[PDB]
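Structure data (mmCIF, C-alpha atoms and all ligand atoms) from my_file.cif:
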data_start
loop_
_atom_site.label_atom_id
_atom_site.label_comp_id
_atom_site.auth_asym_id
_atom_site.auth_seq_id
_atom_site.Cartn_x
_atom_site.Cartn_y
_atom_site.Cartn_z
CA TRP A 1 42.13 88.07 -33.72
CA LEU A 2 43.19 90.59 -36.35
CA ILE A 3 45.80 93.15 -35.43
CA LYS A 4 44.70 96.78 -35.46
CA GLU A 5 46.48 97.16 -38.79
CA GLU A 6 44.53 94.27 -40.31
CA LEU A 7 41.13 95.70 -39.40
CA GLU A 8 42.42 99.00 -40.75
CA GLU A 9 43.21 97.18 -44.01
CA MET A 10 39.87 95.30 -44.07
CA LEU A 11 37.74 98.45 -43.76
CA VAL A 12 40.09 100.75 -45.70
CA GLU A 13 39.75 103.01 -42.69
CA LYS A 14 42.09 104.64 -40.18
CA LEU A 15 41.28 103.40 -36.67
CA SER A 16 41.82 104.22 -33.03
CA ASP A 17 43.14 101.77 -30.46
CA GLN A 18 40.07 102.28 -28.32
CA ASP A 19 37.89 101.47 -31.31
CA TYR A 20 39.74 98.30 -32.15
CA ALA A 21 39.59 97.25 -28.50
CA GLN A 22 35.87 97.93 -28.41
CA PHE A 23 35.26 95.74 -31.39
CA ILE A 24 37.37 92.78 -30.29
CA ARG A 25 35.63 93.02 -26.95
CA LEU A 26 32.36 92.66 -28.87
CA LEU A 27 33.64 89.58 -30.70
CA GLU A 28 34.37 88.02 -27.33
CA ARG A 29 30.73 88.67 -26.45
CA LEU A 30 29.82 86.85 -29.69
CA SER A 31 31.97 83.81 -28.97
CA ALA A 32 30.48 83.84 -25.45
CA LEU A 33 27.08 82.57 -26.62
CA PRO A 34 25.74 79.59 -28.63
CA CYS A 35 27.42 79.72 -32.03
CA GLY A 36 25.21 79.48 -35.12
CA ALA A 37 26.47 78.73 -38.65
CA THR A 38 26.54 82.27 -40.07
CA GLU A 39 27.61 83.37 -36.58
CA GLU A 40 30.74 81.25 -36.89
CA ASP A 41 31.40 82.40 -40.47
CA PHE A 42 31.05 86.00 -39.30
CA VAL A 43 33.69 85.66 -36.60
CA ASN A 44 35.86 83.68 -39.03
CA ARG A 45 36.22 86.86 -41.11
CA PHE A 46 38.12 88.42 -38.19
CA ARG A 47 40.03 85.24 -37.47
CA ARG A 48 43.65 84.58 -38.39
CA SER A 49 45.94 81.60 -37.81
CA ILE A 50 49.59 81.51 -36.72
CA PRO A 51 52.40 78.88 -36.99
CA UNK A 52 54.62 77.64 -34.13
CA UNK A 53 57.56 75.30 -34.71
CA UNK A 54 59.90 73.84 -32.10
CA UNK A 55 62.12 70.81 -32.65
CA UNK A 56 65.88 70.58 -32.89
CA UNK A 57 66.21 69.40 -36.48
CA UNK A 58 67.24 65.74 -36.47
CA UNK A 59 69.83 64.61 -38.99
CA UNK A 60 69.39 61.04 -40.18
CA UNK A 61 72.58 59.13 -39.37
CA UNK A 62 75.21 58.27 -41.98
CA UNK A 63 76.65 54.74 -42.29
CA UNK A 64 80.20 54.83 -43.68
CA UNK A 65 81.07 52.46 -46.52
CA UNK A 66 84.61 51.61 -45.32
CA UNK A 67 83.79 49.88 -42.02
CA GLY A 68 80.07 49.69 -42.74
CA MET A 69 79.76 51.83 -39.60
CA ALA A 70 77.47 54.76 -38.72
CA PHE A 71 78.77 58.26 -37.92
CA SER A 72 77.36 61.80 -37.49
CA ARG A 73 79.19 65.02 -38.41
CA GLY A 74 78.46 68.19 -36.39
CA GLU A 75 79.42 71.84 -36.86
CA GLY A 76 79.55 74.25 -33.97
CA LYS A 77 80.39 77.93 -34.23
CA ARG A 78 81.35 80.15 -31.34
CA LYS A 79 82.97 83.54 -31.33
CA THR A 80 85.58 83.61 -34.13
CA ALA A 81 85.98 79.86 -33.74
CA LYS A 82 84.32 77.14 -35.81
CA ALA A 83 84.63 73.45 -35.06
CA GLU A 84 83.61 70.27 -36.89
CA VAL A 85 83.26 66.99 -35.04
CA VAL A 86 82.70 63.58 -36.60
CA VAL A 87 81.31 61.12 -34.03
CA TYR A 88 81.59 57.37 -34.61
CA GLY A 89 78.90 55.31 -32.90
CA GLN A 90 81.18 52.51 -31.77
CA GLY A 91 84.08 54.01 -29.84
CA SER A 92 87.04 53.12 -27.67
CA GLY A 93 86.54 56.47 -25.95
CA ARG A 94 89.16 57.90 -28.33
CA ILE A 95 88.87 61.64 -28.91
CA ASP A 96 91.21 63.23 -31.44
CA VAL A 97 91.57 66.95 -32.09
CA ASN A 98 93.18 68.34 -35.24
CA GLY A 99 95.21 65.13 -35.41
CA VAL A 100 96.41 65.12 -31.81
CA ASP A 101 94.90 63.85 -28.56
CA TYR A 102 92.39 65.96 -26.67
CA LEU A 103 94.42 66.04 -23.48
CA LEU A 104 97.35 67.57 -25.29
CA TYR A 105 95.23 70.05 -27.21
CA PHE A 106 93.44 71.27 -24.09
CA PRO A 107 96.00 71.37 -21.26
CA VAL A 108 93.58 73.63 -19.46
CA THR A 109 91.43 71.35 -17.32
CA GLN A 110 88.42 73.61 -17.66
CA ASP A 111 88.32 72.97 -21.38
CA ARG A 112 88.33 69.19 -20.99
CA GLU A 113 85.40 69.63 -18.58
CA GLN A 114 83.46 71.62 -21.16
CA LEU A 115 84.16 68.79 -23.59
CA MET A 116 83.01 66.24 -21.04
CA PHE A 117 79.67 67.99 -20.65
CA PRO A 118 77.51 66.47 -23.43
CA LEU A 119 78.93 62.96 -23.06
CA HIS A 120 78.60 62.95 -19.26
CA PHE A 121 75.06 64.22 -19.80
CA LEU A 122 74.11 61.33 -22.08
CA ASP A 123 76.19 58.77 -20.08
CA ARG A 124 77.95 57.76 -23.27
CA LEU A 125 81.42 58.70 -22.04
CA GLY A 126 83.31 55.62 -23.24
CA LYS A 127 80.91 54.51 -25.94
CA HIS A 128 81.76 56.95 -28.73
CA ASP A 129 84.84 57.78 -30.86
CA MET A 130 85.31 61.35 -32.15
CA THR A 131 87.49 62.98 -34.78
CA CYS A 132 87.79 66.78 -34.62
CA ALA A 133 88.82 69.84 -36.65
CA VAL A 134 88.70 73.31 -35.02
CA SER A 135 89.96 76.75 -36.08
CA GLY A 136 89.82 80.42 -35.10
CA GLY A 137 90.08 82.16 -31.73
CA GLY A 138 91.59 81.21 -28.37
CA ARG A 139 91.37 78.11 -26.26
CA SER A 140 88.12 78.52 -24.34
CA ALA A 141 86.35 79.60 -27.52
CA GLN A 142 87.63 76.45 -29.17
CA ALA A 143 86.59 74.10 -26.35
CA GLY A 144 83.12 75.70 -26.52
CA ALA A 145 82.82 75.33 -30.25
CA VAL A 146 83.66 71.67 -29.84
CA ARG A 147 80.99 71.57 -27.13
CA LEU A 148 78.34 72.83 -29.56
CA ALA A 149 79.47 70.70 -32.55
CA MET A 150 79.69 67.56 -30.44
CA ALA A 151 76.34 68.06 -28.75
CA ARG A 152 74.94 68.53 -32.26
CA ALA A 153 76.54 65.36 -33.62
CA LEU A 154 75.30 63.51 -30.54
CA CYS A 155 71.62 63.87 -31.32
CA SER A 156 71.67 61.20 -34.03
CA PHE A 157 72.74 58.56 -31.52
CA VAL A 158 70.45 59.73 -28.77
CA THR A 159 66.73 59.18 -28.12
CA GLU A 160 64.12 61.64 -29.34
CA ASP A 161 63.41 62.47 -25.70
CA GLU A 162 66.96 63.30 -24.57
CA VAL A 163 67.01 65.96 -27.28
CA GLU A 164 64.62 68.29 -25.40
CA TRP A 165 66.82 67.75 -22.38
CA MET A 166 69.95 68.88 -24.26
CA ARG A 167 67.97 71.91 -25.35
CA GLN A 168 66.97 72.72 -21.76
CA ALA A 169 70.58 72.06 -20.78
CA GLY A 170 71.36 74.66 -23.43
CA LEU A 171 73.87 72.51 -25.26
CA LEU A 172 72.65 72.88 -28.85
CA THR A 173 72.00 76.62 -28.74
CA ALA A 174 74.80 78.83 -30.03
CA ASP A 175 76.41 81.47 -27.89
CA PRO A 176 75.11 84.84 -29.16
CA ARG A 177 77.75 86.51 -27.01
CA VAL A 178 80.55 88.19 -28.95
CA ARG A 179 82.99 91.11 -28.71
CA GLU A 180 81.45 94.58 -28.97
CA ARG A 181 83.10 97.08 -31.30
CA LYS A 182 84.91 100.02 -29.70
CA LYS A 183 83.02 103.24 -30.34
CA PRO A 184 84.86 106.35 -31.44
CA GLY A 185 85.23 109.01 -28.73
CA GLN A 186 85.10 106.27 -26.08
CA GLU A 187 87.48 103.67 -24.74
CA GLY A 188 86.20 100.08 -24.59
CA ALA A 189 82.77 100.15 -26.35
CA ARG A 190 81.40 100.91 -22.94
CA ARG A 191 84.29 102.43 -21.03
CA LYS A 192 84.45 106.19 -21.66
CA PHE A 193 87.28 108.70 -21.41
CA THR A 194 87.37 110.08 -17.89
CA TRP A 195 84.71 112.78 -17.60
CA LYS A 196 85.51 116.15 -16.11
CA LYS A 197 82.99 118.25 -14.17
CA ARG A 198 85.18 121.31 -14.03
CA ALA B 1 41.93 112.72 41.71
CA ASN B 2 38.85 112.82 43.91
CA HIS B 3 37.23 110.05 41.88
CA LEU B 4 37.56 106.38 42.73
CA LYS B 5 40.61 104.97 40.94
CA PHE B 6 40.81 102.34 38.20
CA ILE B 7 37.27 102.76 37.01
CA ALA B 8 38.27 105.22 34.27
CA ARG B 9 39.91 104.40 30.95
CA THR B 10 40.47 100.82 32.07
CA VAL B 11 40.50 97.73 29.91
CA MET B 12 41.16 94.34 31.41
CA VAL B 13 43.08 91.97 29.13
CA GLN B 14 41.25 88.78 28.27
CA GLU B 15 42.94 85.41 27.65
CA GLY B 16 46.25 87.05 28.51
CA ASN B 17 46.86 88.83 25.21
CA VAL B 18 48.24 92.22 26.08
CA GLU B 19 48.78 93.75 22.67
CA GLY B 20 45.12 93.23 21.77
CA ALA B 21 43.88 94.91 24.93
CA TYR B 22 46.20 97.86 24.42
CA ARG B 23 44.94 98.29 20.88
CA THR B 24 41.48 98.28 22.42
CA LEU B 25 42.21 101.03 24.95
CA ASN B 26 43.87 103.05 22.20
CA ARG B 27 40.74 102.72 20.09
CA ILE B 28 38.80 104.04 23.10
CA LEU B 29 40.80 107.23 23.58
CA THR B 30 41.09 107.91 19.87
CA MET B 31 37.35 107.36 19.44
CA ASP B 32 36.62 110.00 22.10
CA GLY B 33 39.19 112.49 20.81
CA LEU B 34 41.58 112.35 23.75
CA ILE B 35 44.66 111.51 21.75
CA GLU B 36 44.12 114.48 19.47
CA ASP B 37 43.68 116.55 22.61
CA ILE B 38 46.85 115.36 24.35
CA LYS B 39 48.79 115.95 21.20
CA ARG B 40 47.02 119.31 20.77
CA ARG B 41 47.89 120.32 24.32
CA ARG B 42 51.58 119.51 24.32
CA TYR B 43 52.09 123.13 23.30
CA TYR B 44 49.67 126.00 23.35
CA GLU B 45 47.54 127.14 20.46
CA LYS B 46 46.28 130.68 20.35
CA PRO B 47 42.54 131.37 20.08
CA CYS B 48 42.64 132.70 16.49
CA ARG B 49 44.93 129.95 15.34
CA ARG B 50 42.34 127.67 16.95
CA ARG B 51 39.23 128.92 15.13
CA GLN B 52 41.20 128.51 11.93
CA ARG B 53 41.75 124.87 12.82
CA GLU B 54 38.10 124.45 13.74
CA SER B 55 36.82 125.93 10.53
CA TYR B 56 39.24 124.05 8.30
CA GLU B 57 38.33 120.84 10.05
CA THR B 58 34.63 121.48 9.74
CA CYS B 59 34.75 122.49 6.10
CA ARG B 60 36.79 119.40 5.35
CA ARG B 61 34.31 117.29 7.30
CA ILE B 62 31.47 118.68 5.23
CA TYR B 63 33.28 118.00 1.98
CA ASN B 64 34.18 114.46 2.95
CA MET B 65 30.69 113.71 4.17
CA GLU B 66 29.12 114.88 0.93
CA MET B 67 31.67 113.23 -1.35
CA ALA B 68 31.22 110.01 0.63
CA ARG B 69 27.49 110.11 0.18
CA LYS B 70 27.82 110.80 -3.56
CA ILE B 71 30.22 107.90 -3.92
CA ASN B 72 27.95 105.44 -2.08
CA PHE B 73 24.95 106.66 -4.06
CA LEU B 74 26.67 106.11 -7.41
CA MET B 75 27.89 102.75 -6.11
CA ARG B 76 25.09 100.76 -7.86
CA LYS B 77 26.15 101.83 -11.28
CA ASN B 78 29.58 100.37 -10.74
CA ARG B 79 27.88 97.15 -11.93
CA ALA B 80 29.20 95.72 -15.21
CA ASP B 81 27.53 97.55 -18.09
CA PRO B 82 24.65 96.17 -20.24
CA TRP B 83 24.90 98.17 -23.43
CA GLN B 84 28.52 97.70 -24.30
CA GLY B 85 29.77 98.30 -27.82
CA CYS B 86 26.39 99.51 -29.05
MG MG A 201 89.07 97.79 -21.34
MG MG A 202 47.55 112.75 43.46
MG MG A 203 36.24 118.71 17.61
#
Once you've parsed the file, please lay out its structure as structure tokens.
Ligand SMILES: [Mg+2]
Ligand SMILES: [Mg+2]
Ligand SMILES: [Mg+2]
Amino acid sequence: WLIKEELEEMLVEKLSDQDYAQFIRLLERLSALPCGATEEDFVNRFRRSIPXXXXXXXXXXXXXXXXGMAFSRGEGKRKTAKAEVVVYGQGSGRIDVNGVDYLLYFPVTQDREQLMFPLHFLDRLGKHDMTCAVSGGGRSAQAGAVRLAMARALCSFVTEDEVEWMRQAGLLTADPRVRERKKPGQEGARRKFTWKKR
Amino acid sequence: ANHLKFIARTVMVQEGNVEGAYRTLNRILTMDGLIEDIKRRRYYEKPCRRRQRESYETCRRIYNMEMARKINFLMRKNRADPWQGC
């Protein structure tokens, strides 16, 4: 149904909430009965239509000319740190980061687990071969950016169904969480200078 | 004390449920006004301070009676309304 503002525009008249409510109530009474032709037109005046769109946008794959092989290139961004991950569809399990091996670039076990997440999800763990370039921020931020980029580059080689799973696993959604600016007259953006009653 | 015992204020529990039978006896005493009287009679209450109680009670009973009636009279018209959005 129209908003209150749209009926206000249609009649060139200020309205009250109660009034709007009364009317819409009446249009429900109208829809409640057998619907004639002019009846339907009438209620169509007060009808509007709204869009809804949900799909993770699917990149068509890209077959490289050199080996004749297909790859997909993802970009994740988390918290001062961006990563790009090219995933090759036929792998040895090789995963290279900034030109060095992923074990050496993430000596923190936790990070390697984060990395393992999408691949262990899609059971592809050995199947794929990834090249990686990441910059900005500290280690966990980096491992997470690679998580996002990878899980993004992994939806070319996955089935249309597993995509909604990765969404509900929350893999492809960015982390909105970031540092909050200190505020002046305070300490930590939240933390305040110790307050004195006396 | 001169009366035969166990005839007065006696419930006998049926099918062995005690709590139910106690609720029952309680409903007896409270229906007859004995609980309000025990509680009243823990301490004294002076004659004046008693007519005040009486009168406040009886006013309040009148009000609630009337208001009840009025409510149950207007009850019909609680029905969902015919003329809406005239
Ligand atoms: Mg702090
Ligand atoms: Mg005795
Ligand atoms: Mg009385």
- Between atom CA of residue B:27 and atom CA of residue B:9, what is the distance, to one decimal in Å?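 Here the two named atoms are 11.0 Å from each other.
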Starting from 5 Å padding per side, set up an axis-aligned box that covers all listed atoms of stretch 186-197 of chain A and hand over centre and edge lengths in Å, one decimal, as lines of an AutoDock Vina configuration file.
center_x = 84.4
center_y = 109.2
center_z = -20.3
size_x = 16.1
size_y = 28.2
size_z = 22.2
- Note on the structure: A straight line from atom CA of residue A:139 to atom CA of residue A:74 spans 19.2 Å
- Task: Could the residues that lie within 9 Å of ligand MG 201 (chain A), counting all atoms listed in the file, be listed as a ChimeraX atom specification?
- Result: /A:187-191
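Pocket residues of ligand MG 202 (chain A), taken as those with any atom at most 12 Å away using all atoms listed in the file, are residues 1, 2, 3, 4 and 5 of chain B.
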Could you save those same residues with C-alpha atoms as a PDB file, in the frame of the given file?
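Contents of result-v3.pdb, freshly written:
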ATOM      1  CA  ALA B   1      41.930 112.720  41.710  1.00  0.00           C
ATOM      2  CA  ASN B   2      38.850 112.820  43.910  1.00  0.00           C
ATOM      3  CA  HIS B   3      37.230 110.050  41.880  1.00  0.00           C
ATOM      4  CA  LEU B   4      37.560 106.380  42.730  1.00  0.00           C
ATOM      5  CA  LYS B   5      40.610 104.970  40.940  1.00  0.00           C
TER       6      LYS B   5
END
- Atom-to-atom span, atom CA of residue A:123 and atom CA of residue A:144, Å: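 Calculated distance between atom CA of residue A:123 and atom CA of residue A:144 is 19.4 Å.
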- Message: Can you work out which residues are within 10 Å of ligand MG 203 (chain A), considering only C-alpha atoms and all ligand atoms, and then hand them over as number ranges by chain?
- Response: B: 32-33, 36-37, 53-54, 57-58
Keeping only C-alpha atoms, write the selected residues to a file as an mmCIF file, keeping the file's coordinate frame.
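And here's out.cif as it stands now:
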data_model
loop_
_atom_site.group_PDB
_atom_site.id
_atom_site.type_symbol
_atom_site.label_atom_id
_atom_site.label_comp_id
_atom_site.auth_asym_id
_atom_site.auth_seq_id
_atom_site.Cartn_x
_atom_site.Cartn_y
_atom_site.Cartn_z
ATOM 1 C CA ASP B 32 36.620 110.000 22.100
ATOM 2 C CA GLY B 33 39.190 112.490 20.810
ATOM 3 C CA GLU B 36 44.120 114.480 19.470
ATOM 4 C CA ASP B 37 43.680 116.550 22.610
ATOM 5 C CA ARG B 53 41.750 124.870 12.820
ATOM 6 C CA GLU B 54 38.100 124.450 13.740
ATOM 7 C CA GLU B 57 38.330 120.840 10.050
ATOM 8 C CA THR B 58 34.630 121.480 9.740
#
- Message: If the cut-off is 12 Å, can you tell me the residues of chain B near chain A, counting only C-alpha atoms? I'd like them as number ranges by chain.
- Response: B: 82-86
Go ahead and save the residues from that selection, with C-alpha atoms, as a PDB file, in the frame of the given file.
ATOM      1  CA  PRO B  82      24.650  96.170 -20.240  1.00  0.00           C
ATOM      2  CA  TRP B  83      24.900  98.170 -23.430  1.00  0.00           C
ATOM      3  CA  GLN B  84      28.520  97.700 -24.300  1.00  0.00           C
ATOM      4  CA  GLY B  85      29.770  98.300 -27.820  1.00  0.00           C
ATOM      5  CA  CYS B  86      26.390  99.510 -29.050  1.00  0.00           C
TER       6      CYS B  86
END
- Message: Could you list, as a PyMOL selection string, every residue within 7 Å of residue A:136, counting only C-alpha atoms and ignoring same-chain residues fewer than 5 positions away?
- Response: chain A and resi 80-82
- Spatial sel., origin (69.2, 69.2, -30.0), limit 10 Å, only C-alpha atoms, listed as JSON, numbers by chain: {"A": [55, 56, 57, 58, 148, 151, 152, 153, 154, 155, 156, 158, 160, 161, 162, 163, 164, 165, 166, 167, 168, 169, 170, 171, 172, 173]}
- Do a neighbour search on residue B:26 at 12 Å with all atoms listed in the file, toss out local chain neighbours closer than 4 positions, and write the hits as a list in words. residues 9, 10, 11, 19, 20, 21, 22, 30, 31, 32, 33, 34, 35 and 36 of chain B
- Item | A:70, A:30, A:134, A:116 ranked by distance to residue A:99, top pick (using all atoms listed in the file) |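 Smallest distance to residue A:99 is found for A:134.
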